[PDB]
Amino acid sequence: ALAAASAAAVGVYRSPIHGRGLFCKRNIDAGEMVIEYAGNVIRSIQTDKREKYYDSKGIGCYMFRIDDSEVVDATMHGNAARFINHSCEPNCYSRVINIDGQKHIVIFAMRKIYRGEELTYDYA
C-alpha cells in the first residue's frame, strides 16, 4: 500500500496553475503509485445536490468523476490528492483499482517526477 509513503512524497502548496496544487517532495519513479484520491463513492445523480449543499455552506467542493454514474466525493473525507490540478500535458493519470473488493482511485506517475514539480493529470 502507500498511505504511509504518500505523506513523505507529496505536499500541498500554492500553484501557478490555479489555487493550491500537489507538489512532489522527493523524486517519484515512473510507474510508482503516488497517492490515492480519498473519498466516498457516491452516485453521480447526487453530485448536483451535494454541490448545492456545499456551496451554500461555503465548503469547497472536491469531486472526482469515476464514470457516468459514480464520482468520488472528497469534500469531507478526502486527502491531499484533491488538490491535484489539471494539465493537457500531464505527468500523472488516474486508474480505478480493486483491492479485496473495493474501488479505489489511485494516481500513478507517467514519467519520473522531480522534487518541486507540480503533479497534474488530464481531467476529460
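From 1 onward, residues are counted along the sequence shown.
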{"query": "Comparing 27 to 35 with 75 to 83, the one whose average Cα B-factor in the PDB entry is higher", "finding": "27 to 35"}
{"query": "Of 2 to 10 and 113 to 121, the stretch whose C-alpha atoms average the higher B-factor in the entry", "finding": "2 to 10"}
{"query": "For residue 40, the third of its chain into which the C-alpha B factor falls", "finding": "lowest"}
{"query": "Within-chain third of residue 58 by Cα B-factor, per the entry", "finding": "middle"}
